[PDB]
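Have a look at the structure below, then the notes.
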Amino acid sequence: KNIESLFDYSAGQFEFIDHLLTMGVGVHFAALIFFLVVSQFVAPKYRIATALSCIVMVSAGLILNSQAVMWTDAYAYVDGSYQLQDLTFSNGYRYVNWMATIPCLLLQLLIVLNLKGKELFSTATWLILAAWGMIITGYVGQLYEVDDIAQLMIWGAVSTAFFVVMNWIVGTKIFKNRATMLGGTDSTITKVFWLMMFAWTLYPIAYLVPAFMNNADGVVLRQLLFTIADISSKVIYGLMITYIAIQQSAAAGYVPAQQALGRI
Ligand SMILES: *C/C=C(C)/C=C/C=C(C)/C=C/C1=C(C)CCCC1(C)C
Ligand SMILES: CCCCCCCC/C=C\CCCCCCCC(=O)O
Ligand SMILES: [Cl-]
Ligand SMILES: [Cl-]
């Protein structure tokens, strides 16, 4: 049902996609160790924001690892090209993983925004419901990326509605709570919003690839877009969230944070 299944791949195409996914695994697990070691310099009220980046690194790292092994399982070099064998490859498992990773990305944002108690629980709930609506409708949509492009588009429109409403909740909370933020991170959090808008918008662009580039090079482009988007939305984002957490920790008088920033 996926466009990947439609084509044979050149050695170049096949190896590049393998390299993209493998590099993706390496970057996320390398970043994992960074987040782990810097977590000790985060104050208790923010430390979970850094822990969530560790959780996202392993979650994303495992889905990329799984996609890479699925890629090599599904194809073999036969008569001059990589051709589909008995096992299958699908991006559908990415969508399932988003059900977990996207709530984690959203939660760590709410934490460094200094949301607490009732407002934190209510905002998280609405955000996660919006994200789940987006992911599920998008998942259904991509089941038709070969059979029914028109249906892919309509589910995509519904998904985009959830996306836009989710982004409005995010923007509203960021620009409202910006003032509460310490150590100059009221400025930094604004860049985080725009990083999110940019990186997350790459995913619906990837979703539309079967509509505007239905060929083997389109398959490569989609994996390339996922790689840019994953690294930006999880790793670069996590680094900024953790930077914000440490800076606010230091401004709040957390000595390990103050000492850590002092060494650099
Ligand atoms: C780390 C993974 C992330 C941040 C995934 C984000 C995914 C999206 C923003 C998905 C968006 C979609 C649409 C807005 C419409 C087309 C269907 C989706 C689910 C790809
Ligand atoms: C934050 C951005 C992260 C960037 C990750 C992507 C790094 C590698 C990017 C690709 C370089 C272009 C490779 C040339 C493609 C050759 C076409 C092909 O062989 O199929
Ligand atoms: Cl604290
Ligand atoms: Cl993920």
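Labels for the structure tokens follow display order: chains A, B, ..., residues from 1 in each chain, ligands from 1.
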Excluding segment 94-106 of chain A and its own-chain neighbours fewer than 4 positions away, which residues fall within 7 Å of it when counting only C-alpha atoms? Please give them as number ranges by chain. A: 52, 56, 59, 63, 110, 128, 132, 135, 139
Those same residues - C-alpha atoms - I'd like them written as a JSON list (two decimals), in the first residue's frame.
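Contents of the output file part-v1.json:
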```json
[["chain", "number", "residue", "atom", "x", "y", "z"],
["A", 52, "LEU", "CA", 12.06, 13.38, 28.19],
["A", 56, "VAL", "CA", 12.70, 10.65, 22.78],
["A", 59, "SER", "CA", 12.25, 6.04, 20.99],
["A", 63, "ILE", "CA", 12.25, 3.42, 15.17],
["A", 110, "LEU", "CA", 5.22, 22.82, 28.80],
["A", 128, "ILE", "CA", -2.05, 15.29, 23.21],
["A", 132, "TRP", "CA", -3.31, 12.07, 18.38],
["A", 135, "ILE", "CA", -1.38, 11.34, 13.78],
["A", 139, "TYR", "CA", -1.93, 7.35, 9.40]]
```
Within 10 Å of ligand 3, counting only C-alpha atoms and all ligand atoms: which residues, as a PyMOL selection string? chain A and resi 42-47+248-249+252-254
Select from segment 33-82 of chain A every residue with an atom at most 10 Å from any atom of segment 17-21 of chain A, then for each give the shortest pair of atoms and their distance in Å to one decimal, using only C-alpha atoms, rows by chain and rising number, as a tab-separated table.
```
residue	atom	partner	partner_atom	distance
A:61	CA	A:21	CA	9.2
A:63	CA	A:21	CA	9.4
A:64	CA	A:21	CA	5.6
A:65	CA	A:21	CA	6.9
A:66	CA	A:21	CA	9.2
A:67	CA	A:21	CA	7.2
A:68	CA	A:21	CA	5.7
A:69	CA	A:18	CA	8.6
A:70	CA	A:18	CA	10.0
A:71	CA	A:18	CA	7.1
A:72	CA	A:18	CA	7.6
```
Could you report the residues within 9 Å of ligand 1, using only C-alpha atoms and all ligand atoms, as an MDAnalysis selection string? chainID A and resid 56 60 94:95 97:98 101:102 105 131 133:142 152:153 155:164 196:197 199:208 226 229:234
Residues within 10 Å of segment 34-39 of chain A, only C-alpha atoms, excluding chain neighbours under 4 positions, as a count of residues only: 25
In Å, how far is it from atom CA of residue 247 of chain A to atom CA of residue 122 of chain A?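 Distance between the two atoms: 26.2 Å.
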Please find the residues contacting ligand 2 at a distance of at most 6 Å between atoms, with only C-alpha atoms and all ligand atoms counted, and report them as a ChimeraX atom specification. /A:12-13,16,227-228,231-232
Would you mind exporting N, CA, C and O atoms of the selected residues as a PDB file, in the first residue's frame?
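In the end it all went to selection-v4.pdb:
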```pdb
ATOM      1  N   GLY A  12      22.887   2.832  -5.486  1.00  0.00           N
ATOM      2  CA  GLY A  12      23.033   4.166  -4.928  1.00  0.00           C
ATOM      3  C   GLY A  12      21.856   4.611  -4.077  1.00  0.00           C
ATOM      4  O   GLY A  12      22.043   5.101  -2.963  1.00  0.00           O
ATOM      5  N   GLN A  13      20.644   4.457  -4.606  1.00  0.00           N
ATOM      6  CA  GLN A  13      19.428   4.831  -3.885  1.00  0.00           C
ATOM      7  C   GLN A  13      19.289   4.012  -2.608  1.00  0.00           C
ATOM      8  O   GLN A  13      19.052   4.548  -1.522  1.00  0.00           O
ATOM      9  N   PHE A  16      22.019   4.810   0.019  1.00  0.00           N
ATOM     10  CA  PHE A  16      21.861   6.147   0.591  1.00  0.00           C
ATOM     11  C   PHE A  16      20.783   6.143   1.666  1.00  0.00           C
ATOM     12  O   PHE A  16      20.958   6.732   2.726  1.00  0.00           O
ATOM     13  N   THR A 227      14.759  12.681   7.814  1.00  0.00           N
ATOM     14  CA  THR A 227      16.044  12.798   8.505  1.00  0.00           C
ATOM     15  C   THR A 227      16.307  14.224   8.980  1.00  0.00           C
ATOM     16  O   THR A 227      16.695  14.447  10.127  1.00  0.00           O
ATOM     17  N   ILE A 228      16.104  15.186   8.087  1.00  0.00           N
ATOM     18  CA  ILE A 228      16.171  16.594   8.459  1.00  0.00           C
ATOM     19  C   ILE A 228      15.184  16.897   9.581  1.00  0.00           C
ATOM     20  O   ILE A 228      15.529  17.534  10.579  1.00  0.00           O
ATOM     21  N   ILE A 231      16.004  15.065  13.133  1.00  0.00           N
ATOM     22  CA  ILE A 231      17.141  15.675  13.800  1.00  0.00           C
ATOM     23  C   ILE A 231      16.773  17.063  14.317  1.00  0.00           C
ATOM     24  O   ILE A 231      17.121  17.423  15.440  1.00  0.00           O
ATOM     25  N   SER A 232      16.040  17.830  13.512  1.00  0.00           N
ATOM     26  CA  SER A 232      15.643  19.178  13.924  1.00  0.00           C
ATOM     27  C   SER A 232      14.606  19.173  15.051  1.00  0.00           C
ATOM     28  O   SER A 232      14.729  19.925  16.017  1.00  0.00           O
TER      29      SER A 232
END
```
Please identify the alpha helix (DSSP H) residues within segment 4-189 of chain A (assignment by DSSP from backbone atoms) and present them as a PyMOL selection string. chain A and resi 11-38+44-74+92-112+117-142+149-177+185-189
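Nearest residue to residue 169 of chain A among A:124, A:84, A:115, A:6 is A:124, counting only C-alpha atoms.
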